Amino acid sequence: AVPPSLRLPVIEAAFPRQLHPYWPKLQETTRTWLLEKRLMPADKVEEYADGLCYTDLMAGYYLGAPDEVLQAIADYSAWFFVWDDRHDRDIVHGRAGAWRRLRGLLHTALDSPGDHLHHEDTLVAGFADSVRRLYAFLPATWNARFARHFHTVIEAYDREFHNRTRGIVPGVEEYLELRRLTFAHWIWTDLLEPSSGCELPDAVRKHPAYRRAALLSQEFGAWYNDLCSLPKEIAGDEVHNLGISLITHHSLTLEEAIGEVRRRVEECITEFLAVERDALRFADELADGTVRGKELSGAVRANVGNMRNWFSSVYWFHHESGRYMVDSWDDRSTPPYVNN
């Protein structure tokens, strides 16, 4: 039973969950990978990894992905959670130098992952391994776009580091802009393409229906994370959360902020339903009788289907994952699964 304040009947009724058939193998393979890359200590991997549901989250999203593509995405995503944890810990412990160096190494590795496969920082080596594998699926033009997007993500994380160190809470619009980067909207959107086996031409992926459907899917995910992770984030002195920006710059109470975030989340769903019709119509138009047209149509249709799957995957992930279960921690400011 989902807590009343977080429950979204529309998701539960109109966005039925899906699960990729590779999930059982995926869960164990990512667990092994976390252990082999030493991204988490062995006993924490044993106690916590499965319960974190990181593979479940990706397997409920990129339906139809080749197993190897799903595996690389899942490893990358688990890495990404561990990076969020590292960033948090560096901030909490005032490790400005260690963060600066990691930030620099990630920019470098992103451009030449092969060279960093056995780097001394296991977090960098893990990143390089997943990124090298992601770069092996589609042409270099897709790789360059992924890299362009992720350079931007790294810098958003740096801005977060400085906000939290300088005690700054972003304004609401400032936050909403930053959140498209810290949640990595365009990375998850990029990864739809290797999942359906086709780098989409700019003309296709920048079609206003495709763009808007892709945006709304990610806005839902980010803002629903904000709604559900708010307790953990308040407990851990995190300042980046739509609710926190509203309490700060619009003078709402906690109750009022939760309500306003919920409303913005619900609106995302019905805005998506409307644009989804246009995106699927676009998918139909691409099927003009030609082989290429059919390829493009099928890929857009699969991608839009997965933009829809993201809603239900993110929704349930927040109620299933140990990551947000702050009520169960002895110290609410220090999640048990992070390296402190």
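In this text, residue numbers run from 1 along the sequence as written.
Colleague: On mean C-alpha B-factor from the PDB entry, just flag whether 10-18 or 327-335 is the higher one.
Modeller: Going by the record's values, the stretch with the higher mean is 327-335.
Colleague: Comparing 315-323 with 20-28, where is the mean C-alpha B-factor higher?
Modeller: Result: 20-28.
Colleague: Which of these, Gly51, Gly289, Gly305, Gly60, has its C-alpha atom at the highest B-factor, as the entry lists it?
Modeller: Each of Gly51, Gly289, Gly305, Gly60 was compared by C-alpha B-factor; the highest is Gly289.
Colleague: If I read the C-alpha B-factors straight from the PDB entry, which of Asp226, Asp88, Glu255, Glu199 is highest?
Modeller: Answer for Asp226, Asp88, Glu255, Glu199: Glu255, with the highest C-alpha B-factor.
Colleague: Could you tell me which third, lowest, middle or highest, the C-alpha B-factor of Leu35 occupies within its chain?
Modeller: Its C-alpha B-factor belongs to the highest third of this chain's values.
Colleague: Determine, from the deposited record, the chain-internal third of the Cα B-factor for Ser251: lowest, middle or highest.
Modeller: Highest third, going by the recorded CA B-factors of the chain.
Colleague: Could you tell me which third, lowest, middle or highest, the C-alpha B-factor of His149 occupies within its chain?
Modeller: Lowest third of the chain for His149's C-alpha B-factor.
Colleague: For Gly259, return the chain-relative third of its C-alpha B-factor as stated in the PDB record: lowest, middle or highest.
Modeller: Its C-alpha B-factor, which the entry lists for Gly259, ranks in the highest third among residues of this chain.
Colleague: In terms of the CA temperature factor given in the entry, to which third of its chain does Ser245 belong: lowest, middle or highest?
Modeller: Its C-alpha B-factor belongs to the highest third of this chain's values.
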